[PDB]
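S.K.: Quick one: this structure, given as structure tokens, is what I'll be asking you about.
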Amino acid sequence: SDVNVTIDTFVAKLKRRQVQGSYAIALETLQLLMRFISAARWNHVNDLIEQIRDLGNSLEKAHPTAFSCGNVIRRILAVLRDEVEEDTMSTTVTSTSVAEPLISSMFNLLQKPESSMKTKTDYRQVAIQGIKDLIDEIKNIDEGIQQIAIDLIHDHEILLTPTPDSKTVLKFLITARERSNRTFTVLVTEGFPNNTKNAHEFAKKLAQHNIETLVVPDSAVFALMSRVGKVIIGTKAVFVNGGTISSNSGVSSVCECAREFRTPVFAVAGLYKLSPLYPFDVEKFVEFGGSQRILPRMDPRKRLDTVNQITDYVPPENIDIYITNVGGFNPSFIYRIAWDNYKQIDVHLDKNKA
Amino acid sequence: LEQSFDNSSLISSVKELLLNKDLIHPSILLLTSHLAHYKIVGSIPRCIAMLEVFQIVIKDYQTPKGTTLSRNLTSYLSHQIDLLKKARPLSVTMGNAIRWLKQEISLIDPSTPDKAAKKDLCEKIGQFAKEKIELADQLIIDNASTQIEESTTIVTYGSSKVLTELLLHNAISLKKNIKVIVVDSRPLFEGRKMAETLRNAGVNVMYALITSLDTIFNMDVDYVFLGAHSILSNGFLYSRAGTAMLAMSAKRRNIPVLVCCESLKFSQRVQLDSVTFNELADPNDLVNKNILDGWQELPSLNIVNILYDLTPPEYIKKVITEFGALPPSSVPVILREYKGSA
Amino acid sequence: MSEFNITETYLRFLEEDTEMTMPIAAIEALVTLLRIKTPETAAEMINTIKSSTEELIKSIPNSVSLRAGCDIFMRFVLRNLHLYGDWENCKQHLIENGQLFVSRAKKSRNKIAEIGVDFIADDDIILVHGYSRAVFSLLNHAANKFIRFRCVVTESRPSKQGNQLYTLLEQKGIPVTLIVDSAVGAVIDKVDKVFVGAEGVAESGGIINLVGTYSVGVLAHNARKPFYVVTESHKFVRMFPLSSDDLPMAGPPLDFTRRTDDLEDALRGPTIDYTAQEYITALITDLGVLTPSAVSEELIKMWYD
């Protein structure tokens, strides 16, 4: 149908990088998702999760290493996976409501025995607001960021980020200077040779808001690490270990060099930047780049080999906090926020339930 | 000036109020007089003493003519809290009780003839500290005792708050052999109150000072137990100053460290830096003709006196509450299951 | 007319097959305890097992994987008596659940082999230590998938189990060496991943299995390799130390009594070690992969009350 070709051009939108960043792909996968909601005839509530789980497997298998689209489809399933059990026990008579949100998850698989009366249409419209409330959360994640980080950071300390390609801290350190009138500086390195496009863009707009800033090269960041005692890292996605999928380049080893000086390592992440999946292989999520902008000569006869990398991964031992919209959290606590948003079935998002 | 922690404005030294719009309770001035001139509390001693004056001050209702008792006491009691804020900013042992009390102000209706206003509040706020404190401390006793063998040592820091009663139980109420190491610090010698008490109880007490801390650890030593002031949402122990130096050292010297604490001493807030959120207390105290005078008026001199400081949760091995024991990374899961829920 | 205590039910089927392991054998004995001996009253049923589990601890005091089996069976029959059936159906409603774990906890290990696939990746030299049979079934799935790897077996001294694992998978067809446990520290740099398995999980995440899993764990943390551990969802016990000292076998780990005639002198130290959360990094359940902080909360979620 007409919705079946808009997903195909959205499949075409996720092949050749027609959108980038952890922000804009999540809004555009979700506005496109509402077209599938408004033109679906499920006829059973377990068919509608079947209508969407294949669609994610038409998306995640189509492109794995994008995740702001990949975690919405599980979460918007989870708001309906909640309400299957809502209309289940309210249909029954004896034990209609206990309403405690947590049952012991170890024992639940280990005990197996074997007004809105029905209102079958409501799963559509509660996902129609489920379209809307997700985006309106995403529009102002920074208020929950800024409520806790000026609490967490203080006035007179030099700083450092390895991620200039983070529009969060690009917007956050404006009001971290503006409302809270704390004066400090930020060291800034380049994501050579990829975020150095934006690294020169980053401190220039901070030079407009004049936070004593100066650009360091990538090689020098150890030699000034003894002075700085606080680093913030604007990540791209985050998994269940507390090992996060960061931005493009250079940020993992300096996160390691920060950890060796017993320096606290900060990170910011929206709640929609969470992901209920596990990093089985680090190298199946570390995406590389091109031999073009790392040497442009292109010798065919000498013809050496060279390696680019446009994804860095850090262990959770090298990270300390998660400045989120709902508070700061341990690197090991990440499951409990995630399993309050995701379920154990659609994390193996695949038609073969082997 | 480079750190500018002297210009961290967590407290000032403002005093000398005169206002008489509110009918100020005279005895709640005595509580603030007993704190700020010379500190006589831990944290749950405050949570007793803050409750000691509250039962008295509600008994003098003095409800005006055109005002419901739900409408005045939310202003009347809360105006008296600002007297304490001039003396000493609150704890979570302060904080979790008073917001629970403000629930009880709100859940009453215009039906009470003010004779019934005592016993619906009095026993209820008595059954608060009967349950949340007293028999909460009873479950501390059996849990820690089975984790302590005979003929061992305990290293405490400062005045304890609940494990004084634990050390009384294992030395007298169970009579198993035990040696006690109490260390405190200049300026607040509150650990000497324990040093008086446990030898009045008749047990082997070795007093110590934090400058001589290594030679305690160079002997037969284990089971470092700690008092507490609040636990962060990460697992950081916000407690009395100088706690972490033994907490790093005993963890470095591979003998385990526990924190005796309770669910009332949890908190929703979170940080990871020692000098961010703290309190200073009257820098004249670290002087005692003296040796120096004039931190004021002299160029380039200042006296700091840190009260509270964070300990990394990796130093803490096991966190014991009234519900049981738990590893320190697993602190905030009770915040969704018991605190405001139990 | 049985009594279900020692061998009149229990030690019968421990000679039947060495595929069932120790705790679910106790679970198999505990579910058949109240099945035949169903004394038509909710009171003495649990008083029967409180008599029976505490003599079962008294039967073998130093197989505390059984104590985890003695732990969670009470956790089974508690919530199974919950749903409030007034013991009327709950006699049948328990035994219609009944044979769950001999149908479900027996398929722990293949379900571990369902989800423990993507840890042993392409060309991973694997360090194993001790016969934790869920590892071998994960390695059974690895050979049956024809995924490429190698294997290194340590000792298990004095428990001898490392000699079995070399014979157990060489016939399966894997390139493998048996190494002494003394030569871990000079070899671990070439080693990339390491798999062990606990007899029970403590409150912070415990490795309460063998003699030196904490020794190889603290090696791997300085080697900075992902110290994985393979277990399943019925291997949890409340028993939780503060040091690396659990209950020992019979005496303190530093004895100084002498040799009378010819007594064994390697068997003077402990046989069970402890590892806290710090040195593990991930574990496997039937519920899924599990971080060492979630293994604390699920061990406390139905354990405080």
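We label chains A, B, ... in the order they appear in the structure tokens, count residues from 1 in each chain, and number ligands from 1 in the order shown.
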Please provide the set of residues having any atom within 7 Å of residue 32 (chain B), restricted to only C-alpha atoms, with same-chain residues fewer than 4 positions apart removed, written as a list in words.
M.R.: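 In the requested format, the answer is residues 28, 36, 84 and 87 of chain B.
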S.K.: What would the file look like if the residues just selected were written as a PDB file, in the first residue's frame with C-alpha atoms?
M.R.:
ATOM      1  CA  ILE B  28      12.790  25.147  69.874  1.00  0.00           C
ATOM      2  CA  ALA B  36      25.123  25.628  67.126  1.00  0.00           C
ATOM      3  CA  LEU B  84      17.087  25.573  62.654  1.00  0.00           C
ATOM      4  CA  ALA B  87      21.687  27.121  63.234  1.00  0.00           C
TER       5      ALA B  87
END
S.K.: What are the residues of chain B that have an atom within 12 Å of an atom of chain A, counting only C-alpha atoms, as a PDB file with N, CA, C and O atoms, in the first residue's frame?
M.R.:
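Result file is iface_27.pdb:
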ATOM      1  N   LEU B   1      42.079  31.161  46.084  1.00  0.00           N
ATOM      2  CA  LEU B   1      41.211  31.762  45.079  1.00  0.00           C
ATOM      3  C   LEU B   1      41.094  30.862  43.852  1.00  0.00           C
ATOM      4  O   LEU B   1      40.107  30.929  43.118  1.00  0.00           O
ATOM      5  N   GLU B   2      42.118  30.028  43.641  1.00  0.00           N
ATOM      6  CA  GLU B   2      42.152  29.163  42.463  1.00  0.00           C
ATOM      7  C   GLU B   2      41.092  28.071  42.541  1.00  0.00           C
ATOM      8  O   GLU B   2      40.481  27.721  41.525  1.00  0.00           O
ATOM      9  N   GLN B   3      40.856  27.521  43.733  1.00  0.00           N
ATOM     10  CA  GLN B   3      39.731  26.614  43.906  1.00  0.00           C
ATOM     11  C   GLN B   3      38.464  27.355  44.312  1.00  0.00           C
ATOM     12  O   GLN B   3      37.364  26.914  43.956  1.00  0.00           O
ATOM     13  N   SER B   4      38.621  28.485  45.018  1.00  0.00           N
ATOM     14  CA  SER B   4      37.538  29.357  45.490  1.00  0.00           C
ATOM     15  C   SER B   4      36.462  28.603  46.272  1.00  0.00           C
ATOM     16  O   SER B   4      35.278  28.941  46.209  1.00  0.00           O
ATOM     17  N   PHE B   5      36.863  27.571  47.019  1.00  0.00           N
ATOM     18  CA  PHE B   5      35.907  26.853  47.849  1.00  0.00           C
ATOM     19  C   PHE B   5      35.528  27.646  49.092  1.00  0.00           C
ATOM     20  O   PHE B   5      34.485  27.373  49.700  1.00  0.00           O
ATOM     21  N   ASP B   6      36.346  28.632  49.473  1.00  0.00           N
ATOM     22  CA  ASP B   6      35.915  29.610  50.466  1.00  0.00           C
ATOM     23  C   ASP B   6      34.697  30.392  49.981  1.00  0.00           C
ATOM     24  O   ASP B   6      33.814  30.736  50.775  1.00  0.00           O
ATOM     25  N   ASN B   7      34.626  30.669  48.683  1.00  0.00           N
ATOM     26  CA  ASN B   7      33.407  31.208  48.081  1.00  0.00           C
ATOM     27  C   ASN B   7      32.547  30.086  47.502  1.00  0.00           C
ATOM     28  O   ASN B   7      32.127  30.111  46.345  1.00  0.00           O
ATOM     29  N   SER B   8      32.299  29.069  48.315  1.00  0.00           N
ATOM     30  CA  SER B   8      31.201  28.135  48.111  1.00  0.00           C
ATOM     31  C   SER B   8      30.203  28.449  49.215  1.00  0.00           C
ATOM     32  O   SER B   8      30.501  28.262  50.399  1.00  0.00           O
ATOM     33  N   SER B   9      29.022  28.918  48.827  1.00  0.00           N
ATOM     34  CA  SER B   9      28.130  29.637  49.735  1.00  0.00           C
ATOM     35  C   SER B   9      27.117  28.724  50.400  1.00  0.00           C
ATOM     36  O   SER B   9      25.959  29.106  50.592  1.00  0.00           O
ATOM     37  N   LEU B 232      24.253   8.303  49.122  1.00  0.00           N
ATOM     38  CA  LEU B 232      23.905   8.875  47.832  1.00  0.00           C
ATOM     39  C   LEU B 232      23.186   7.842  46.967  1.00  0.00           C
ATOM     40  O   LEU B 232      23.151   6.646  47.270  1.00  0.00           O
ATOM     41  N   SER B 233      22.611   8.320  45.861  1.00  0.00           N
ATOM     42  CA  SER B 233      21.914   7.423  44.947  1.00  0.00           C
ATOM     43  C   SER B 233      22.872   6.516  44.185  1.00  0.00           C
ATOM     44  O   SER B 233      22.460   5.446  43.727  1.00  0.00           O
ATOM     45  N   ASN B 234      24.137   6.917  44.042  1.00  0.00           N
ATOM     46  CA  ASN B 234      25.139   6.008  43.494  1.00  0.00           C
ATOM     47  C   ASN B 234      25.511   4.931  44.500  1.00  0.00           C
ATOM     48  O   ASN B 234      25.506   3.736  44.181  1.00  0.00           O
ATOM     49  N   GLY B 235      25.836   5.336  45.721  1.00  0.00           N
ATOM     50  CA  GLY B 235      26.435   4.440  46.686  1.00  0.00           C
ATOM     51  C   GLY B 235      27.473   5.152  47.523  1.00  0.00           C
ATOM     52  O   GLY B 235      28.087   4.554  48.410  1.00  0.00           O
ATOM     53  N   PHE B 236      27.675   6.435  47.238  1.00  0.00           N
ATOM     54  CA  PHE B 236      28.594   7.243  48.027  1.00  0.00           C
ATOM     55  C   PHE B 236      28.041   7.462  49.427  1.00  0.00           C
ATOM     56  O   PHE B 236      26.849   7.729  49.600  1.00  0.00           O
ATOM     57  N   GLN B 268      17.236  10.598  47.603  1.00  0.00           N
ATOM     58  CA  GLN B 268      17.032  10.669  46.163  1.00  0.00           C
ATOM     59  C   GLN B 268      18.142  11.413  45.437  1.00  0.00           C
ATOM     60  O   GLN B 268      18.335  11.185  44.239  1.00  0.00           O
ATOM     61  N   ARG B 269      18.862  12.297  46.124  1.00  0.00           N
ATOM     62  CA  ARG B 269      19.866  13.117  45.465  1.00  0.00           C
ATOM     63  C   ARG B 269      21.103  12.287  45.135  1.00  0.00           C
ATOM     64  O   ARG B 269      21.301  11.180  45.642  1.00  0.00           O
ATOM     65  N   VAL B 270      21.948  12.843  44.272  1.00  0.00           N
ATOM     66  CA  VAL B 270      23.124  12.128  43.793  1.00  0.00           C
ATOM     67  C   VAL B 270      24.227  13.137  43.483  1.00  0.00           C
ATOM     68  O   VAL B 270      23.970  14.225  42.957  1.00  0.00           O
ATOM     69  N   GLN B 271      25.449  12.795  43.886  1.00  0.00           N
ATOM     70  CA  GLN B 271      26.657  13.498  43.474  1.00  0.00           C
ATOM     71  C   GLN B 271      27.827  12.535  43.622  1.00  0.00           C
ATOM     72  O   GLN B 271      27.673  11.408  44.101  1.00  0.00           O
ATOM     73  N   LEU B 272      29.007  12.989  43.202  1.00  0.00           N
ATOM     74  CA  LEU B 272      30.197  12.159  43.311  1.00  0.00           C
ATOM     75  C   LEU B 272      31.436  12.941  43.727  1.00  0.00           C
ATOM     76  O   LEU B 272      32.549  12.414  43.609  1.00  0.00           O
ATOM     77  N   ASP B 273      31.288  14.167  44.216  1.00  0.00           N
ATOM     78  CA  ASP B 273      32.420  14.980  44.625  1.00  0.00           C
ATOM     79  C   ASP B 273      32.248  15.404  46.074  1.00  0.00           C
ATOM     80  O   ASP B 273      31.144  15.758  46.500  1.00  0.00           O
ATOM     81  N   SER B 274      33.352  15.353  46.824  1.00  0.00           N
ATOM     82  CA  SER B 274      33.316  15.679  48.245  1.00  0.00           C
ATOM     83  C   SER B 274      33.036  17.161  48.463  1.00  0.00           C
ATOM     84  O   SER B 274      32.079  17.529  49.156  1.00  0.00           O
ATOM     85  N   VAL B 275      33.858  18.031  47.883  1.00  0.00           N
ATOM     86  CA  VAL B 275      33.607  19.458  48.033  1.00  0.00           C
ATOM     87  C   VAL B 275      32.707  19.960  46.907  1.00  0.00           C
ATOM     88  O   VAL B 275      33.144  20.670  45.993  1.00  0.00           O
ATOM     89  N   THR B 276      31.423  19.615  46.988  1.00  0.00           N
ATOM     90  CA  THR B 276      30.386  20.267  46.199  1.00  0.00           C
ATOM     91  C   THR B 276      29.248  20.735  47.095  1.00  0.00           C
ATOM     92  O   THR B 276      28.828  21.894  47.047  1.00  0.00           O
ATOM     93  N   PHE B 277      28.768  19.820  47.931  1.00  0.00           N
ATOM     94  CA  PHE B 277      27.560  20.002  48.727  1.00  0.00           C
ATOM     95  C   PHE B 277      27.904  19.625  50.157  1.00  0.00           C
ATOM     96  O   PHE B 277      28.061  18.439  50.468  1.00  0.00           O
ATOM     97  N   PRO B 312      33.882   6.762  48.240  1.00  0.00           N
ATOM     98  CA  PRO B 312      33.547   5.943  47.064  1.00  0.00           C
ATOM     99  C   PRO B 312      32.955   4.606  47.467  1.00  0.00           C
ATOM    100  O   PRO B 312      33.422   3.973  48.425  1.00  0.00           O
ATOM    101  N   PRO B 313      31.913   4.146  46.760  1.00  0.00           N
ATOM    102  CA  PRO B 313      31.239   2.899  47.158  1.00  0.00           C
ATOM    103  C   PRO B 313      32.068   1.651  46.934  1.00  0.00           C
ATOM    104  O   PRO B 313      31.717   0.593  47.469  1.00  0.00           O
ATOM    105  N   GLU B 314      33.149   1.736  46.156  1.00  0.00           N
ATOM    106  CA  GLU B 314      34.040   0.596  45.984  1.00  0.00           C
ATOM    107  C   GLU B 314      34.818   0.300  47.258  1.00  0.00           C
ATOM    108  O   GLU B 314      35.257  -0.836  47.467  1.00  0.00           O
ATOM    109  N   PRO B 328      26.966  -2.236  47.934  1.00  0.00           N
ATOM    110  CA  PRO B 328      26.748  -0.779  47.918  1.00  0.00           C
ATOM    111  C   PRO B 328      26.298  -0.218  46.584  1.00  0.00           C
ATOM    112  O   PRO B 328      25.745   0.888  46.559  1.00  0.00           O
ATOM    113  N   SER B 329      26.519  -0.924  45.476  1.00  0.00           N
ATOM    114  CA  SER B 329      25.984  -0.453  44.208  1.00  0.00           C
ATOM    115  C   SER B 329      24.475  -0.623  44.129  1.00  0.00           C
ATOM    116  O   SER B 329      23.821   0.092  43.364  1.00  0.00           O
ATOM    117  N   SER B 330      23.907  -1.542  44.909  1.00  0.00           N
ATOM    118  CA  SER B 330      22.482  -1.829  44.883  1.00  0.00           C
ATOM    119  C   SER B 330      21.690  -0.995  45.884  1.00  0.00           C
ATOM    120  O   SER B 330      20.639  -1.449  46.351  1.00  0.00           O
ATOM    121  N   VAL B 331      22.179   0.193  46.246  1.00  0.00           N
ATOM    122  CA  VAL B 331      21.413   1.066  47.144  1.00  0.00           C
ATOM    123  C   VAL B 331      20.083   1.574  46.588  1.00  0.00           C
ATOM    124  O   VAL B 331      19.079   1.472  47.311  1.00  0.00           O
ATOM    125  N   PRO B 332      19.963   2.130  45.368  1.00  0.00           N
ATOM    126  CA  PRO B 332      18.740   2.894  45.082  1.00  0.00           C
ATOM    127  C   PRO B 332      17.530   2.043  44.736  1.00  0.00           C
ATOM    128  O   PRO B 332      16.477   2.602  44.416  1.00  0.00           O
ATOM    129  N   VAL B 333      17.640   0.715  44.788  1.00  0.00           N
ATOM    130  CA  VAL B 333      16.505  -0.134  44.453  1.00  0.00           C
ATOM    131  C   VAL B 333      15.505  -0.211  45.599  1.00  0.00           C
ATOM    132  O   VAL B 333      14.364  -0.638  45.392  1.00  0.00           O
ATOM    133  N   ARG B 336      12.591   2.693  45.323  1.00  0.00           N
ATOM    134  CA  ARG B 336      11.363   2.400  44.607  1.00  0.00           C
ATOM    135  C   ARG B 336      10.531   1.309  45.263  1.00  0.00           C
ATOM    136  O   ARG B 336       9.398   1.076  44.833  1.00  0.00           O
ATOM    137  N   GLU B 337      11.057   0.638  46.286  1.00  0.00           N
ATOM    138  CA  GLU B 337      10.385  -0.516  46.866  1.00  0.00           C
ATOM    139  C   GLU B 337      10.035  -0.368  48.337  1.00  0.00           C
ATOM    140  O   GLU B 337       9.126  -1.055  48.806  1.00  0.00           O
ATOM    141  N   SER B 341       7.103   3.415  50.169  1.00  0.00           N
ATOM    142  CA  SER B 341       6.319   2.254  49.774  1.00  0.00           C
ATOM    143  C   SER B 341       6.046   1.313  50.936  1.00  0.00           C
ATOM    144  O   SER B 341       4.919   0.828  51.082  1.00  0.00           O
TER     145      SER B 341
END
S.K.: For chain C, list the residues within 10 Å of chain A, counting only C-alpha atoms, and write the list as a PyMOL selection string.
M.R.: chain C and resi 72+75-77+79-80+83+93-98+100-101+104-105+114-121+233-234+281-282+285-294+297-303
S.K.: Store the residues of this selection in a file with C-alpha atoms, as a PDB file, in the first residue's frame.
M.R.:
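File part-v6.pdb, as written:
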ATOM      1  CA  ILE C  72      15.004 -21.696  46.690  1.00  0.00           C
ATOM      2  CA  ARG C  75      11.096 -19.866  47.808  1.00  0.00           C
ATOM      3  CA  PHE C  76       9.290 -22.096  45.313  1.00  0.00           C
ATOM      4  CA  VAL C  77       6.648 -23.516  47.652  1.00  0.00           C
ATOM      5  CA  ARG C  79       4.742 -18.276  46.264  1.00  0.00           C
ATOM      6  CA  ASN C  80       3.242 -21.509  44.923  1.00  0.00           C
ATOM      7  CA  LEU C  83      -2.323 -17.114  44.705  1.00  0.00           C
ATOM      8  CA  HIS C  93      -1.971 -26.718  42.343  1.00  0.00           C
ATOM      9  CA  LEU C  94       1.555 -27.295  43.657  1.00  0.00           C
ATOM     10  CA  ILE C  95       1.930 -30.774  42.185  1.00  0.00           C
ATOM     11  CA  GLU C  96       0.393 -29.756  38.865  1.00  0.00           C
ATOM     12  CA  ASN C  97       3.318 -27.354  38.769  1.00  0.00           C
ATOM     13  CA  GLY C  98       5.115 -30.297  40.322  1.00  0.00           C
ATOM     14  CA  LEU C 100       8.408 -28.170  36.475  1.00  0.00           C
ATOM     15  CA  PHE C 101      12.118 -28.236  37.270  1.00  0.00           C
ATOM     16  CA  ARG C 104      12.564 -26.817  33.085  1.00  0.00           C
ATOM     17  CA  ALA C 105      15.713 -26.764  35.222  1.00  0.00           C
ATOM     18  CA  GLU C 114      20.784 -20.873  23.245  1.00  0.00           C
ATOM     19  CA  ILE C 115      21.893 -17.452  24.508  1.00  0.00           C
ATOM     20  CA  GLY C 116      25.532 -18.041  25.449  1.00  0.00           C
ATOM     21  CA  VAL C 117      26.449 -18.371  21.775  1.00  0.00           C
ATOM     22  CA  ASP C 118      27.725 -14.863  21.107  1.00  0.00           C
ATOM     23  CA  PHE C 119      30.415 -14.775  23.779  1.00  0.00           C
ATOM     24  CA  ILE C 120      32.823 -17.327  22.331  1.00  0.00           C
ATOM     25  CA  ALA C 121      33.451 -15.452  19.080  1.00  0.00           C
ATOM     26  CA  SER C 233      18.678 -19.270  37.254  1.00  0.00           C
ATOM     27  CA  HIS C 234      18.436 -21.753  40.166  1.00  0.00           C
ATOM     28  CA  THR C 281      31.886  -8.565  34.680  1.00  0.00           C
ATOM     29  CA  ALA C 282      28.920 -10.568  33.297  1.00  0.00           C
ATOM     30  CA  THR C 285      21.005 -16.962  33.480  1.00  0.00           C
ATOM     31  CA  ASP C 286      18.020 -18.688  31.967  1.00  0.00           C
ATOM     32  CA  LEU C 287      16.516 -15.192  32.180  1.00  0.00           C
ATOM     33  CA  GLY C 288      19.366 -13.875  30.021  1.00  0.00           C
ATOM     34  CA  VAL C 289      22.742 -12.219  30.262  1.00  0.00           C
ATOM     35  CA  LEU C 290      22.996 -10.480  33.613  1.00  0.00           C
ATOM     36  CA  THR C 291      25.189  -7.691  34.950  1.00  0.00           C
ATOM     37  CA  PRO C 292      26.746  -8.182  38.426  1.00  0.00           C
ATOM     38  CA  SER C 293      24.487  -5.482  39.901  1.00  0.00           C
ATOM     39  CA  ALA C 294      21.242  -7.024  38.640  1.00  0.00           C
ATOM     40  CA  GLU C 297      18.718  -7.063  43.022  1.00  0.00           C
ATOM     41  CA  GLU C 298      17.057 -10.244  41.764  1.00  0.00           C
ATOM     42  CA  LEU C 299      18.632 -11.982  44.752  1.00  0.00           C
ATOM     43  CA  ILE C 300      16.930  -9.369  46.952  1.00  0.00           C
ATOM     44  CA  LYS C 301      13.700  -8.711  45.036  1.00  0.00           C
ATOM     45  CA  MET C 302      11.855 -11.673  46.589  1.00  0.00           C
ATOM     46  CA  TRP C 303      14.208 -12.121  49.541  1.00  0.00           C
TER      47      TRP C 303
END
S.K.: Should the cut-off be 9 Å, what would the residue list for chain C against chain B look like, counting only C-alpha atoms, as an NGL selection string?
M.R.: :C and (203-204 or 241-243 or 276-278 or 293-294 or 296-297 or 300 or 304-305)
S.K.: List the neighbours of residue 204 (chain B) out to 8 Å using only C-alpha atoms; skip same-chain residues closer than 5 positions along the sequence, and give me the result as a list in words.
M.R.: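 That gives residues 178, 179, 180 and 199 of chain B.
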S.K.: Taking 6 positions as the minimum chain separation for residues in the same chain, which residues sit within 10 Å of region 49-54 of chain A when counting only C-alpha atoms? Answer as a PyMOL selection string.
M.R.: chain A and resi 33+36-37+40-42+60+73-74+76-78+80-81+346+348-351
S.K.: Those selected residues, please, written with N, CA and C atoms and delivered as a PDB file, in the first residue's frame.
M.R.:
ATOM      1  N   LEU A  33       6.356   6.093  11.674  1.00  0.00           N
ATOM      2  CA  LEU A  33       5.729   4.929  12.287  1.00  0.00           C
ATOM      3  C   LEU A  33       4.233   5.137  12.487  1.00  0.00           C
ATOM      4  N   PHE A  36       2.025   3.800   9.789  1.00  0.00           N
ATOM      5  CA  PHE A  36       1.752   2.372   9.889  1.00  0.00           C
ATOM      6  C   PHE A  36       0.710   2.077  10.958  1.00  0.00           C
ATOM      7  N   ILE A  37       0.651   2.901  12.005  1.00  0.00           N
ATOM      8  CA  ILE A  37      -0.356   2.717  13.045  1.00  0.00           C
ATOM      9  C   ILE A  37      -1.741   3.057  12.512  1.00  0.00           C
ATOM     10  N   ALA A  40      -3.401   0.179   9.914  1.00  0.00           N
ATOM     11  CA  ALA A  40      -3.241  -1.212  10.311  1.00  0.00           C
ATOM     12  C   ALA A  40      -4.568  -1.777  10.797  1.00  0.00           C
ATOM     13  N   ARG A  41      -4.844  -3.023  10.419  1.00  0.00           N
ATOM     14  CA  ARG A  41      -6.033  -3.753  10.857  1.00  0.00           C
ATOM     15  C   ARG A  41      -5.531  -5.055  11.474  1.00  0.00           C
ATOM     16  N   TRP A  42      -5.233  -5.013  12.774  1.00  0.00           N
ATOM     17  CA  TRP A  42      -4.541  -6.127  13.411  1.00  0.00           C
ATOM     18  C   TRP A  42      -5.472  -7.301  13.688  1.00  0.00           C
ATOM     19  N   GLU A  60      16.198  -3.214  11.574  1.00  0.00           N
ATOM     20  CA  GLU A  60      17.457  -3.471  12.267  1.00  0.00           C
ATOM     21  C   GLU A  60      18.361  -4.384  11.450  1.00  0.00           C
ATOM     22  N   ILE A  73      11.037   1.348  18.690  1.00  0.00           N
ATOM     23  CA  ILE A  73      10.115   0.282  18.307  1.00  0.00           C
ATOM     24  C   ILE A  73       9.909  -0.732  19.426  1.00  0.00           C
ATOM     25  N   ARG A  74      10.929  -0.964  20.253  1.00  0.00           N
ATOM     26  CA  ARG A  74      10.745  -1.831  21.409  1.00  0.00           C
ATOM     27  C   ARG A  74       9.993  -1.109  22.517  1.00  0.00           C
ATOM     28  N   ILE A  76       7.851   1.495  22.225  1.00  0.00           N
ATOM     29  CA  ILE A  76       6.454   1.713  21.868  1.00  0.00           C
ATOM     30  C   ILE A  76       5.700   0.388  21.804  1.00  0.00           C
ATOM     31  N   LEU A  77       6.413  -0.735  21.700  1.00  0.00           N
ATOM     32  CA  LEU A  77       5.783  -2.026  21.937  1.00  0.00           C
ATOM     33  C   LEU A  77       5.510  -2.221  23.422  1.00  0.00           C
ATOM     34  N   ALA A  78       6.411  -1.718  24.273  1.00  0.00           N
ATOM     35  CA  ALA A  78       6.327  -1.963  25.709  1.00  0.00           C
ATOM     36  C   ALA A  78       5.162  -1.224  26.352  1.00  0.00           C
ATOM     37  N   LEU A  80       2.345  -0.959  24.884  1.00  0.00           N
ATOM     38  CA  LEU A  80       1.243  -1.857  24.580  1.00  0.00           C
ATOM     39  C   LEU A  80       1.424  -3.211  25.244  1.00  0.00           C
ATOM     40  N   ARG A  81       2.675  -3.652  25.419  1.00  0.00           N
ATOM     41  CA  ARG A  81       2.952  -4.868  26.178  1.00  0.00           C
ATOM     42  C   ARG A  81       2.546  -4.709  27.640  1.00  0.00           C
ATOM     43  N   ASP A 346      10.949  -8.835  23.081  1.00  0.00           N
ATOM     44  CA  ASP A 346      11.357  -8.122  21.879  1.00  0.00           C
ATOM     45  C   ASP A 346      12.806  -7.640  21.915  1.00  0.00           C
ATOM     46  N   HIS A 348      15.101  -9.940  21.710  1.00  0.00           N
ATOM     47  CA  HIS A 348      15.475 -10.843  20.624  1.00  0.00           C
ATOM     48  C   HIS A 348      14.537 -10.614  19.440  1.00  0.00           C
ATOM     49  N   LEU A 349      14.623  -9.401  18.898  1.00  0.00           N
ATOM     50  CA  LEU A 349      13.655  -8.919  17.924  1.00  0.00           C
ATOM     51  C   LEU A 349      13.891  -9.615  16.591  1.00  0.00           C
ATOM     52  N   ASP A 350      13.220 -10.750  16.404  1.00  0.00           N
ATOM     53  CA  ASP A 350      13.425 -11.605  15.244  1.00  0.00           C
ATOM     54  C   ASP A 350      12.235 -12.546  15.139  1.00  0.00           C
ATOM     55  N   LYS A 351      11.824 -12.858  13.906  1.00  0.00           N
ATOM     56  CA  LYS A 351      10.666 -13.726  13.707  1.00  0.00           C
ATOM     57  C   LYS A 351      10.954 -15.157  14.145  1.00  0.00           C
TER      58      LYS A 351
END
